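**Student:**
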Amino acid sequence: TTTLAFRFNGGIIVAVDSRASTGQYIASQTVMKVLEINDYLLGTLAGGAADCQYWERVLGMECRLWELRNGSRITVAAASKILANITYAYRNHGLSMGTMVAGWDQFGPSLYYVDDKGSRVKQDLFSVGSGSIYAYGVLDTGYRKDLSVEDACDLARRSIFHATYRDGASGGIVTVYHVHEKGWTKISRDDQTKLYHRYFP
Amino acid sequence: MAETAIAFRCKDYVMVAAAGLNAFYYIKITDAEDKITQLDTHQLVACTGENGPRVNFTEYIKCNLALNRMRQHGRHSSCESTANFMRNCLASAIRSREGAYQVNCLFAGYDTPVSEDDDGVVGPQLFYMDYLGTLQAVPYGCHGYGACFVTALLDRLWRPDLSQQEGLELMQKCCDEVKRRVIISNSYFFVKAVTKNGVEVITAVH
Amino acid sequence: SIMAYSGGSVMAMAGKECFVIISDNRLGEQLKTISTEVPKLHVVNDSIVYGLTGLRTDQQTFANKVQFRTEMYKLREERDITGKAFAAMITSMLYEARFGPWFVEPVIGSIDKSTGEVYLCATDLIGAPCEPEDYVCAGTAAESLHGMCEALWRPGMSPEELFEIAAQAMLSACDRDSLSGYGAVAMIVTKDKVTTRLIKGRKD
Amino acid sequence: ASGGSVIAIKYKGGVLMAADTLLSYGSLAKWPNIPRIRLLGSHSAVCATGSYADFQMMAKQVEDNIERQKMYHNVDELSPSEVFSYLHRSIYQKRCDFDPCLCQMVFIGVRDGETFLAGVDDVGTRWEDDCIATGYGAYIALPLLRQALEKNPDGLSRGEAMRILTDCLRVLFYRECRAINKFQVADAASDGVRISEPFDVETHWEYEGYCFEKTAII
Amino acid sequence: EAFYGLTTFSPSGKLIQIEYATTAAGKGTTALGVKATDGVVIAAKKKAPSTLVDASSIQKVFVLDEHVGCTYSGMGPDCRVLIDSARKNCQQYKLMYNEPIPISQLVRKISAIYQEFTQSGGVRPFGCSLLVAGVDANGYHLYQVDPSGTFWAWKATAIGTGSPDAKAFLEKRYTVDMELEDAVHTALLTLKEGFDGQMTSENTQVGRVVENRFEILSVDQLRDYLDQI
Amino acid sequence: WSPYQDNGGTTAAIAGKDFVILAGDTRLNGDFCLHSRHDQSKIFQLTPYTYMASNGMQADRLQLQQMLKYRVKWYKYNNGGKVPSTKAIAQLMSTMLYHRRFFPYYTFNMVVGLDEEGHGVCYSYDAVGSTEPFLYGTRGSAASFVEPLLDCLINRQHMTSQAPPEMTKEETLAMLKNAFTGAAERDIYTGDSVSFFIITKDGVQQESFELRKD
Amino acid sequence: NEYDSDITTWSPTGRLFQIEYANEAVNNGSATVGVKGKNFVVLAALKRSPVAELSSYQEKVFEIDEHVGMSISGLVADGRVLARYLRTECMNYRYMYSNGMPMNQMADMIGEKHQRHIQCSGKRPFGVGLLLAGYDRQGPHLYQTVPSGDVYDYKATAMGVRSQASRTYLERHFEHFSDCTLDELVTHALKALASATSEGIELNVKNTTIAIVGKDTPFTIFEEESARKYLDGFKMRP
Amino acid sequence: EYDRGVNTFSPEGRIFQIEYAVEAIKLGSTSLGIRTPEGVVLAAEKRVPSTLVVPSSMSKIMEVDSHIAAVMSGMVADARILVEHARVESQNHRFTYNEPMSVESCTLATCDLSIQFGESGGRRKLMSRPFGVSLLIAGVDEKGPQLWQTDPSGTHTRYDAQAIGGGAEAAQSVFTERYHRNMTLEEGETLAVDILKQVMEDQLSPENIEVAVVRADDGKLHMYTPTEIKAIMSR
Amino acid sequence: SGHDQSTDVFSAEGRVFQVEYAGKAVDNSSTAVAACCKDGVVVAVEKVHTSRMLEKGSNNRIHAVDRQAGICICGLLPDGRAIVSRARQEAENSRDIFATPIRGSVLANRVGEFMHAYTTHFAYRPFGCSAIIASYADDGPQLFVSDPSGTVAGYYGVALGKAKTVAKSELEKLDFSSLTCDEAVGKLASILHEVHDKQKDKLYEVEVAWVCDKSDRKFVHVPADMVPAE
Ligand SMILES: Cc1nc(C)c(C(=O)Nc2ccc(F)c(-c3nc4ncc(-c5ncccc5C)cn4n3)c2)o1
Ligand SMILES: *[B]([O])([O])[C]([C][C]([C])[C])[N]C(=O)[C]([C]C1=[C][C]=[C][C]=[C]1)[N]C(=O)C1=[C]N=[C][C]=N1
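Residue numbers (the entry's author numbering), protein chains in the order written: chain L, 100 to 300; chain K, 1 to 206; chain J, 2 to 205; chain N, 2 to 219; chain B, 3 to 231; chain M, 126 to 339; chain F, 168 to 405; chain E, 107 to 341; chain G, 6 to 235.
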């Protein structure tokens, strides 16, 4: 898993791989590592496959019940605090999950990050997973706040690829999203092997 | 312990400084994260530790000081009453189900007379704490890896009659020693100060 | 160990119509000095003075429960607590938590205001009552204090010359212990007065 | 106290089940005169390999269940397939309580033509076959029971299924340490379950290669 | 399980259930006590319903510990709950302070048992009063609780039937410097003037708390006192 | 004593355009012996359109098949007789594997059924419920033999050739026999006889097949 | 009448009125007729007719297991609390024994469920009657519980409002129920159910629920579509 | 009054507190529901106490999910806790079954709460009284548009056209005519606002009532605005 | 007044009416009889069927408690099934804990304490039932009757029900010392057909059950062809 996401002038772009390996055996190659929480939030997945898919389905239930009672959308500062209070409550139960929430509330963008130990941090630039250390060096070299929409989609798709190429626990099909003010759109969905003969023809 | 907190009190101010480093086992997540939580208008705490228990301990302390100002008609409690409420939460957590808070903190504050009948403390307050529940009022306290570099630095250079600028150039020497010997990259230090007019965020020393 | 985590040694001697009690001034975390001006003594009335050693988190929590119970004893019973009743009270407190035990070792010294009999008591961390008529001592330098106190004590001492023996016993034992030292704070107490003395020591 | 290997087989018309009458304690054979074949109700019987105290409390429980359902209400007696099902769910309940019934069991039962033969483990495994063996009879006696069911797929008669159990009990006496030569055979038919008087098998120890001078290590 | 209260307020503003219980606590036999400079005497009156009721078996002066005693006048079986809770609360004091209890603190504890049942759900108040007396580290004491929970600090008093005319006889006979032997002389004498027949050693029961100890007097030591008054 | 034990066997399924083929060998075995050769307790029917096909530990298999059996019955009673779909059952499976996360089942599951559209989809699970819809799936001891084999002949990858037409029920069945005759040769805990289930919209037909007995 | 307020109060004549008052709830519910044959039990419930076009639907007949089913009359809110208990105790049986629960055991289990609610002070009886339609190894069974805690084993019965006339019809044909086939056994149940209706209404597929359990037949509720084969040709002849 | 109990039957077979709670529905605002093969319309008067009330605060129509609406009558303080329970149940169904809860099973999840009342707690803490609110749940599912009513008896009943509240007896006579089973949704719009005009005492304005629909081809709940309610009046 | 509304209220003369009102529920119930026949005990009761369509075997008031004992109830049928399901639990305890069959005088003393414990508390009402314990344990043949007050007593014969006074005089003509279980089924059933009238009910049949040495000390019902016809 090499999930990353960054925040810039124009919204938030989320970019993942799609590989689930139980050690040296690859279990699957079409894993959706972005659970869309609703039509203006996103959540990402790293670590345990069942620990992420359970509690972000619990998180998608607490966000839907917010809109039923209060009649309005949930913020992202409330959405991660739901996920961080759940996570800190089970910190001695051996959970393994590292998740980013990204969305457009009424205060603009916000890109948070929740551990499996109850941490919650607020930056504009993350890269999580076992192969994330490869995705920093190509992203920190080319990141700037005022990127265009097409170049930041190119920087995200290219920064996943150089970590899927080097880490054994990362790879598959690079999925790029874009969180603008009206919600999120699936930008592209392409194989890593097809993406090698584009970047090095 | 990878991140240091440095605090010393003087005649009419208390300096605090806490490195804003947040890491994932060797990877720098941030460099500017505020770790000095403003509890009251004249009180703050500089907690160190990992980011899990550190927010959840400070939010429990801060929301209970505010609740004790709701139920008591906006009357601000003393700095010793806040500090003794804090170590009650450390000491009752080392003998509980969920486990001990892994937070090391330095409480700081200034005591003002709330009315004309108050004849309590007028001066500044600075309290050393621990993750177990140790509490000690101390002239200067330090946590982290670089604590022992700078506690013996303040053995050399701290004076009780330091001014606002003389203690400002002392804290600059405190921040430059941690950059010199500690292998952990602490580059931005978040210097704040507590005076008779409240808290203030010092921009110069970083 | 958890008992020698914070450092600090408290002892007490018994005299003719007086007793002494004396602690050091060090607080620490296994090698490093946290504070240099912290006593371990506590005074509840004009007859009983007790000292706690062990883990400093338990030295403050237990002393809050004692002050919660000593002041509640004075509201229910319209009288000051006596030495035999105070020592048997916090003997019971260390036995209720026998499987989750406190890491304190209280050194109780007391005297009768009207009679003039001294009463020493030093329990263990699990509440083992023990009343010697000569001296008690606990802390990290406790093995060094049983040699200093036993070779220098005699039963018939004046209050001025009992202080001189207890002070030379604390300092000579803290010059061999690397978890206790930095001066000493003593308190001689008779039927008529309480005198609190701070003693010069090595700053090592 | 611990029991030894238990073997069982179906024939044309009923089910047979044999077990030694020994109850060892480690290596010590304490009592050679206790019966291990308990029969359940009026159509079925169970026998165990493993701890005897676990079997003695379990079979006390499932015998009380057959009678009290039949005595109190105007219902039929439980079939062998339904009291084995209660026997299976009671052992699985004990391992989830971290206090299992530490023994393998062999269950037989015949109710008006429908023959039933199944076994159950301490964990909760259950299986049905035409030949069940537990203990070290699953290693020794069970290969001999399997070839004699496939050398005639029409089925074994009672006479030829009794020859091969005696051929299997004889090798269990040769090759299992914690065994004696005293065996009881249950016989569940359409008449009901019938436990026989204890017998023994004829053992041959007279090979010319077993003599003192051949097997000597000089 | 009937968790509602049985004792409530009246439109006059009075707890009418406790007013009925004080009538029940004044229909017992005459129990009394006097103090002195050297001790405190308590005196009872064992009323035998017949000659066949084993006067050496029934008792009304209850000893609570090595320094406290008691005597009731009211409902007998209601008193035994109070004495068994007072003997229990006095042993819990010695397992916690290594000291005899004061007479003040024991009477505060049993007054919290009267008031507990006047504000509980489904119970009625007690129908008996007591006469607690004993020593502690600050002299001699004689208290007297009520079924309301209201306790007093008397100096010479009496409870039961024939009590208001025996308490007036205690006003006329008390002196501030009465000795202990003078106290027993007048505690038995104020039983006689309201007594029906002729009091014997198996007919009354006294206990005089002396110097650390309560010590209910035996049938031989009380026979010494009857032929002296 | 250890409360976990692997009982061998394997299950494989290949889903088509309006059908699923579901298979699993009938072989129970313990510590070092062979308990049975005719255990039908490896593939369980929940609804007429959706099966579960699990393996691993035989004792926790039968417990999971019953708790799945009655949550379908409380679904049928509370919804007016409406039978649950494959997507509803397989999310029920994915939650109950996580409710017992700290004392879990030693089972490895496959929920196999048809869609609301009629297409067949197989799911797979770890010991704690990681689900994914996919066109095939192979669990058990011989999973590492067959799951790379199903990658090479269903996906049609790394072969510079045009795509074959859609697989029928017969060409899928004859393909899946080549895996179990391949797992009976090289896996010691697999193979006495494999039972094929063919789930179509007009009921289910059931076949058997013979493997090597050693 | 000061002996009718509480459930735990006997009359001075020895009657329990709160139990006798709950028995009037069953006599005010909709009429249902159970008829037992040789291998089949047929329940015929009378659900509510539409108000001139609009069709209100309310579920009375319940499936308990593959071999059990019941039809209620009275407080339908207590008829579903019984449906929660009966369905749970038939799942707990088939979990343990892997077979269907016998009807003589089950009729004795409903009667102790009615009995816990008729002796404590802060509890009330279930104001609802039942008609168990069961099949087991001993053949078909037809029971009927009342709010007193009784359970009666019938050959044929009828409970509901004006079900005395349906019971009068069944007391002339109950000797000829072990001889009829299934198609005649439905016909005796529907002729009985039609004599409890109003003065100007007859039966059709819009107001009748027919439930059949048998020997090779699980408990099947014949509603609107499949019920037409017994209800299109039907006339209540005098 | 406490001479009787809360579980005391009548000699006619009725429970006292349940029969006394049905009469509390007739002393409330009226509400409607019309099942049509394009959707279900839920009309309801608001019955404001004064003109100083903002009308967006006393919504008689509450959403349970995207596909289930609920309109009440009677006292609305008890109505909230039933809808706050139906929202929790219908989201636990999507959490467990990955599919929307059927309209029948959301009515059953409410009726299970509307029966749990007694006087002796013991093991469980019970309610002291039945709920004085009759809900009226509508929605669409795999079986299409369905209408349901929860009464304070605990009795759920599927309907085609049902009116609850004060103006309910007069509406059933209007329900007999003016309703065929294959109406359009817009014909179901103008049926409800003509009934709700007749059975109310005040002047029917767009800021006086509430109308919400759940369409079949859309599958989602669509509540109306006062500019949308006026367009139904001028037809 | 309010002195007969619950069980925890003694009267002005020391009586409890809700117990005595429960005794009128047995006196208005069907007729019960029993007999001890020096090798066993025979118990017969009359089932008053209220409809012609009741199945034969419905509303059997005789239930087997243990293999050797069984309780027939007289009074309310559903109230007596709480007594039967309790005395079964008392007999299962002696088999599972003490490894012995429950004695006849001990099973009856456990019934009389379960029926008495609901006559001392305000929240409970007494049973409308008289339980007849017929046992054959290692203390011989036993015949006990527990009334709603909780009073147990060993009898040689007993009549309970409406016509318990006429059927008691019909038991005084039997012997109980030379009486056997072979003849007494024909005798006791002939008591019920003479003590009971058909001018109130049309449907009445008898249900007889014994436990004796001929039935191998087992509490069984009759074979249907041993009972007299009318
Ligand atoms: C703000 C930030 N900065 C960084 C650099 C991170 C970060 O990395 N946070 C993080 C938190 C929790 C986790 F659980 C994980 C995580 N991701 C994984 N991906 C794959 C495997 C794995 N897969 C297959 C086989 C073996 C292994 C070990 C394991 N993990 N563990 C990662 O957060
Ligand atoms: B990513 O590589 O971490 C990815 C996580 C995503 C699916 C949520 N999957 C995995 O690599 C994990 C690795 C792992 C981490 C921690 C403990 C155990 C395993 N794999 C799985 O969780 C897994 C294993 N088997 C089947 C399905 N998923």
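Think of the CB as a built atom: it goes at the ideal place given N, C-alpha and C, for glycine as much as any other residue.
What does DSSP give as the partner residues of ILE324 of chain M in its beta bridges?
**Tutor:** Counting from one through the sixth sequence, the residue named residue 324 of chain M turns up at place 199. In the DSSP output, where bridge partners are listed per residue, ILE324 of chain M has M:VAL145 and M:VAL329.
**Student:** List, in chain order, every chain M residue whose beta-carbon is nearer than 8 Å to that of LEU138 of chain E.
**Tutor:** Stepping through the eighth sequence from its first residue, residue 138 of chain E is reached at position 32. Going along chain M, no residue has its Cβ under 8 Å from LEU138 of chain E, so there is no contact; the nearest lies around 24 Å.
**Student:** Closest by CA to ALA38 of chain B, which one among B:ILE218, B:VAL211, B:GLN223 and B:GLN94?
**Tutor:** Within the fifth sequence, numbered from 1, the residue matching residue 38 of chain B stands at position 36. Closest by alpha carbon: B:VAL211.
**Student:** When you compare the CB positions of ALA175 of chain E and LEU327 of chain E, do they come within less than 7 Å of one another, or not?
**Tutor:** Within the eighth sequence, residue 175 of chain E is the residue found at index 69, counting from 1. Within the eighth sequence, residue 327 of chain E is the residue found at index 221, counting from 1. Result yes, Cβ atoms of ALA175 of chain E and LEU327 of chain E sit closer than 7 Å.
**Student:** So, under 8 Å CB-CB, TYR336 of chain F and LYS358 of chain F are touching, yes? Tell me the CB distance rounded to an integer number of Å.
**Tutor:** Against the seventh sequence, residue 336 of chain F aligns to sequence position 169. Against the seventh sequence, residue 358 of chain F aligns to sequence position 191. Indeed, because the Cβ distance is near 7 Å, the residues count as touching under 8 Å.
**Student:** Indicate the three-state DSSP secondary structure (helix, strand or coil) for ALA177 of chain L in the structure shown.
**Tutor:** In the first sequence, counting from the first residue as 1, residue 177 of chain L sits at position 78. DSSP places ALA177 of chain L in helix when its eight states are reduced to three.
**Student:** From M:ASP251, M:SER286 and M:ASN204, pick the residue whose C-alpha is nearest to that of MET221 of chain M; which is it?
**Tutor:** Sequence index remark: in the sixth sequence, residue 221 of chain M carries index 96 (1-based). The shortest C-alpha separation from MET221 of chain M is found at M:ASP251.
**Student:** Tell me which residues of the region 141 to 163 of chain N have at least one Cβ-Cβ distance to chain G shorter than 9 Å, keeping chain order.
**Tutor:** The residues in question: there are none.
**Student:** When the Cα atoms are used, what is the spatial distance from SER131 of chain B to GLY76 of chain B?
**Tutor:** Counting from 1 along the fifth sequence, the entry for residue 131 of chain B is found at position 129. Counting from 1 along the fifth sequence, the entry for residue 76 of chain B is found at position 74. Spanning the two alpha carbons is a distance of roughly 6 Å.
**Student:** Just to confirm before moving on: does the CB-CB distance between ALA160 of chain B and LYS174 of chain B stay below 7 Å?
**Tutor:** In the fifth sequence, the residue the question calls residue 160 of chain B occupies position 158. In the fifth sequence, the residue the question calls residue 174 of chain B occupies position 172. Cβ distance not < 7 Å, so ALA160 of chain B and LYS174 of chain B don't count as in contact.
**Student:** Does the Cβ-Cβ distance between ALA267 of chain E and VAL305 of chain E come in under 7 Å?
**Tutor:** What you label residue 267 of chain E is simply residue 161 of the eighth sequence in a count that begins at 1. What you label residue 305 of chain E is simply residue 199 of the eighth sequence in a count that begins at 1. Not in contact: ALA267 of chain E and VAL305 of chain E (Cβ atoms no closer than 7 Å).
**Student:** Using only the alpha-carbon positions, how far apart do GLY51 of chain N and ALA134 of chain N sit?
**Tutor:** For the purposes of this step, residue 51 of chain N is taken as residue 50 along the fourth sequence, with counting starting at 1. For the purposes of this step, residue 134 of chain N is taken as residue 133 along the fourth sequence, with counting starting at 1. Their backbone Cα atoms lie some 13 Å apart in a straight line.
**Student:** Could you tell me which residues DSSP pairs with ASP25 of chain J in its beta bridges?
**Tutor:** One-based indexing of the third sequence puts residue 25 of chain J at position 24. J:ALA185, per the DSSP bridge assignment.
**Student:** Straight-line CA distance for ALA139 of chain N to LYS294 of chain M?
**Tutor:** Stepping through the fourth sequence from its first residue, residue 139 of chain N is reached at position 138. Stepping through the sixth sequence from its first residue, residue 294 of chain M is reached at position 169. One C-alpha to the other measures close to 41 Å.
**Student:** Would you report the Cα separation of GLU334 of chain E and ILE111 of chain L, rounded to the nearest angstrom?
**Tutor:** Residue mapping note: residue 334 of chain E aligns to position 228 of the eighth sequence, counting from 1. Residue mapping note: residue 111 of chain L aligns to position 12 of the first sequence, counting from 1. Computed Cα separation, rounded: 37 Å.
**Student:** Mind checking whether the beta-carbon of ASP266 of chain L lies closer than 6 Å to any heavy atom of ligand 2?
**Tutor:** Your numbering for residue 266 of chain L matches position 167 in the first sequence. It does not: the Cβ of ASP266 of chain L is nowhere closer than 6 Å to a heavy atom of ligand 2.
**Student:** Among L:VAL175, L:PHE107, L:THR102 and L:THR100, whose alpha-carbon lies nearest the alpha-carbon of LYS244 of chain L?
**Tutor:** As a working note, residue 244 of chain L is residue 145 in the first sequence. When only C-alpha atoms are compared, the closest one is L:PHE107.
**Student:** Should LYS212 of chain M go down as buried or exposed, given a rule of 16 or more other Cβ atoms within 10 Å for buried?
**Tutor:** To locate residue 212 of chain M, count along the sixth sequence from 1; it is residue 87. By the 10 Å Cβ count, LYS212 of chain M comes out buried.
**Student:** Restricting to runs no shorter than 3 residues, where is the beta strand (DSSP E) found entirely within the region 19 to 57 of chain B?
**Tutor:** For the region 19 to 57 of chain B, whole beta strand (DSSP E) runs of length 3 or above, ordered along the chain, are 33 to 37 and 41 to 45.
**Student:** In whole angstroms, give me the CA-to-CA distance for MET72 of chain N and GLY120 of chain N.
**Tutor:** Counted from its first residue, the fourth sequence places residue 72 of chain N at position 71. Counted from its first residue, the fourth sequence places residue 120 of chain N at position 119. Each residue's alpha carbon lies about 27 Å from the other.
**Student:** Can you look up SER231 of chain L in the DSSP assignment and give me helix, strand or coil?
**Tutor:** The residue you call residue 231 of chain L lines up with position 132 of the first sequence. Helix, per DSSP.
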